[PDB]
Amino acid sequence: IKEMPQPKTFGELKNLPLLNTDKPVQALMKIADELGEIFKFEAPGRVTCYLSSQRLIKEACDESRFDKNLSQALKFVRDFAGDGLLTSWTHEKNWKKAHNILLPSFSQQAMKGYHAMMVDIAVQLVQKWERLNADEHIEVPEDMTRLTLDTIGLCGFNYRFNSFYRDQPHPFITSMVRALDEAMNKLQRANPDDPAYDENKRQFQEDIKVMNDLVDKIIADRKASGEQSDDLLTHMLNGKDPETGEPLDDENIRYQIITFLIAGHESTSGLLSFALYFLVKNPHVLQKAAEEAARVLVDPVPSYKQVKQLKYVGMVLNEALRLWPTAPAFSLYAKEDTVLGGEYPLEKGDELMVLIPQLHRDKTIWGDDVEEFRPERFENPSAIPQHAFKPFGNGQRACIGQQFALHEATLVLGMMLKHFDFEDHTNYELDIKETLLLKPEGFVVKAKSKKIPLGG
Ligand code: HEM
């Protein structure tokens with residue numbers, strides 16, 4: 001039984017002066033390098049505990065002792081994501097019900113049905129880049145976000161945002177992105193009911209009606225035609241919880257649709273952008289990956305089977321997730337009084353954060369060279385110690401989109417590698433912007449086409 005390690009406290013400010021940054025996760029990582037696998041963090045009126053070692057994180061992942069907590073971010077996101085799967089407590093009736101209904105629609109098998117729609121958008125991306133003039137360049141996260149949003153839109157509810165036809169995004173995306181940005185901004189707002197934020201709260205209400213109006217209209221449209229589809233909306237309209245026997249109601253269906261867009265777009269865009277960041281910085285890995293892509297992707301458009309044979313591209317994406325998991329933290333609470341790691345007593349309801357980028361640099365698990373980009377670490381996934389690699393969270397509250405995200409990213413990165421050579425023409429210095437997610441801000445490349453025809 002030990003006192004919990006903790007950074008210096010500064011009077012009433014507690015540990016807050018140590019996070020005077022718009023990159024708190026990276027600052028927290030530096031604090032963990034100093035204090036080790038657990039420290040307590042205090043701010044005026046809040047206390048949390050940050051875990052970074054596999055040894056402790058494997059205890060935190062025992063679901064009989066700790067359940068998912070809604071961070072303050074998730075709470076503010078709940079004002080428009082409602083009781084969709086991401087922003088619900090595990091005890092909510094609609095959590096268990098939407099989970100049981102939705103899980104078969106997110107399985108590896110189910111990816112066979114979304115494949116044609118993911119290729120549709122992936123071809124539009126390849127075509128965009130094929131059509132650039134020499135001397136133009138690519139804005140990487142901006143184009144990955146066009147792709148992921150359009151793919152979730154199409155696979156999710158057969159709606160085309162048509163992001164590659166636009167300078168200014170579709171109104172629904174604008175409202176969604178501004179809603180998220182407002183929810184993030186609220187976290188560091190000292191005088192929230194001040195008059196200066198009345199414009200903020202009106203705009204926030206406008207963006208919610210825009211999102212709701214569109215999604216309610218498409219749901220009602222679909223119920224009136226009876227059209228069936230290869231989309232998640234179809235499954236939610238037809239599905240019944242095997243446990244209660246009930247279906248989702250229209251309002252919850254709307255929240256799940258908004259939730260897929262929130263949960264899937266930025267996180268999957270980051271994963272593709274970081275993977276392409278590490279490849280252009282490690283030309284020898286880029287060549288090995290491009291060699292796989294040429295060997296495997298023999299038809300003008302990839303089959304589902306082919307995507308599954310892209311094992312090295314898969315390793316690349318897992319190593320990008322090791323170094324910079326794009327959702328860098330998830331929050332947990334103690335369900336009852338407990339002792340963590342035989343040393344730290346926790347009281348019922350105490351909060352823990354899992355600092356995933358630090359977890360992923362546990363030298364006792366990964367070897368001393370943790371900063372190096374080595375996809376080969378993932379050659380044999382079953383040999384990786386249990387709970388060492390957690391970019392998709394944990395247990396029943398893990399990412400339901402994991403197979404969808406991975407299949408999407410493998411497909412797209414395999415086609416990028418097949419069709420283009422890449423140049424890091426600005427010698428880009430990694431700049432990791434933090435919102436709810438990580439992304440390599442300002443990352444730009446040039447792509448030189450290999451002149452390989454696409455398909456019907
Ligand atoms: C590679 C990109 C992705 C990463 C790194 C990621 C990561 C995560 C993480 C860490 C969680 C747990 C959140 C928490 O504990 O508070 C989560 C949950 C969730 N994600 Fe993802 N995710 C990704 C892609 C997607 C996609 C493409 C979708 C949807 C199509 C999606 C939908 C969801 C949903 C609905 C939840 C809540 C699941 C539940 O609690 O029942 N994610 N994801």
# chains A, B, ... in the order shown; residues from 1 in each chain; ligands from 1
>>> closest_atom_pairs(of="chain A", to="ligand 1", cutoff="7 Å", atoms="only C-alpha atoms and all ligand atoms", output="tab-separated table")
residue	atom	partner	partner_atom_place_in_ligand_line	distance
A:68	CA	ligand 1	15 (O)	5.9
A:70	CA	ligand 1	16 (O)	6.7
A:85	CA	ligand 1	41 (O)	4.4
A:86	CA	ligand 1	37 (C)	3.6
A:95	CA	ligand 1	41 (O)	6.7
A:99	CA	ligand 1	41 (O)	5.8
A:152	CA	ligand 1	30 (C)	6.3
A:259	CA	ligand 1	35 (C)	6.0
A:260	CA	ligand 1	29 (C)	4.4
A:261	CA	ligand 1	29 (C)	6.9
A:263	CA	ligand 1	32 (C)	4.6
A:264	CA	ligand 1	26 (C)	3.4
A:265	CA	ligand 1	27 (C)	6.5
A:267	CA	ligand 1	2 (C)	4.4
A:268	CA	ligand 1	2 (C)	3.9
A:271	CA	ligand 1	1 (C)	5.6
A:325	CA	ligand 1	5 (C)	5.8
A:326	CA	ligand 1	5 (C)	5.0
A:327	CA	ligand 1	5 (C)	5.0
A:329	CA	ligand 1	10 (C)	6.6
A:330	CA	ligand 1	15 (O)	4.5
A:331	CA	ligand 1	16 (O)	6.1
A:391	CA	ligand 1	5 (C)	5.2
A:392	CA	ligand 1	10 (C)	4.1
A:393	CA	ligand 1	10 (C)	4.0
A:394	CA	ligand 1	15 (O)	6.8
A:396	CA	ligand 1	41 (O)	6.7
A:397	CA	ligand 1	40 (O)	4.1
A:398	CA	ligand 1	12 (C)	5.1
A:399	CA	ligand 1	18 (C)	3.4
A:400	CA	ligand 1	38 (C)	4.8
A:401	CA	ligand 1	28 (C)	3.6
A:402	CA	ligand 1	24 (C)	5.7
A:404	CA	ligand 1	27 (C)	5.4
A:405	CA	ligand 1	27 (C)	4.1
A:406	CA	ligand 1	1 (C)	6.3
>>> closest_atom_pairs(of="stretch 341-445 of chain A", to="stretch 164-184 of chain A", cutoff="10 Å", atoms="only C-alpha atoms", output="Markdown table")
| residue | atom | partner | partner_atom | distance |
| --- | --- | --- | --- | --- |
| A:434 | CA | A:184 | CA | 10.0 |
| A:435 | CA | A:184 | CA | 6.8 |
| A:436 | CA | A:184 | CA | 7.2 |
>>> atom_distance(atom1="atom CA of residue A:441", atom2="atom CA of residue A:276")
12.9 Å
>>> residues_around(residues="residue A:430", least_positions_apart="4", cutoff="10 Å", atoms="only C-alpha atoms", output="PyMOL selection string")
chain A and resi 274+277-278+439-443
>>> residues_around(residues="stretch 122-129 of chain A", least_positions_apart="6", cutoff="7 Å", atoms="only C-alpha atoms", output="JSON, numbers by chain")
{"A": [147, 412, 416]}
>>> atom_distance(atom1="atom CA of residue A:190", atom2="atom CA of residue A:17")
14.7 Å
>>> atom_distance(atom1="atom CA of residue A:306", atom2="atom CA of residue A:414")
9.7 Å
>>> residues_around(residues="stretch 245-257 of chain A", least_positions_apart="3", cutoff="6 Å", atoms="only C-alpha atoms", output="VMD selection string")
chain A and resid 81 to 82 84 215 239 to 242 260
>>> residues_around(residues="residue A:27", least_positions_apart="2", cutoff="12 Å", atoms="only C-alpha atoms", output="list in words")
residues 15, 16, 17, 18, 19, 20, 21, 22, 23, 24, 25, 29, 30, 31, 32, 33, 34, 355, 357, 358, 432 and 434 of chain A
>>> residues_around(residues="residue A:293", least_positions_apart="3", cutoff="6 Å", atoms="only C-alpha atoms", output="CSV table (one decimal) with N, CA, C and O atoms, in the first residue's frame")
chain,number,residue,atom,x,y,z
A,290,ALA,N,4.3,-1.2,-50.7
A,290,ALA,CA,3.8,-0.9,-52.1
A,290,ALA,C,4.1,-2.2,-52.9
A,290,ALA,O,3.3,-2.6,-53.8
A,296,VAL,N,-0.7,-8.2,-54.7
A,296,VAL,CA,-2.1,-8.6,-54.3
A,296,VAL,C,-3.2,-8.0,-55.1
A,296,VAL,O,-4.1,-8.7,-55.6
A,297,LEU,N,-3.1,-6.7,-55.3
A,297,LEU,CA,-4.2,-6.0,-56.0
A,297,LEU,C,-4.2,-6.1,-57.5
A,297,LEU,O,-3.9,-5.1,-58.2
A,414,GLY,N,-4.0,0.3,-49.4
A,414,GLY,CA,-3.6,-0.6,-50.5
A,414,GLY,C,-3.7,0.0,-51.9
A,414,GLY,O,-2.8,-0.1,-52.8
A,418,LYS,N,-0.9,1.2,-54.6
A,418,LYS,CA,-0.9,0.6,-55.8
A,418,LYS,C,-0.7,1.6,-57.0
A,418,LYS,O,0.0,1.4,-57.9
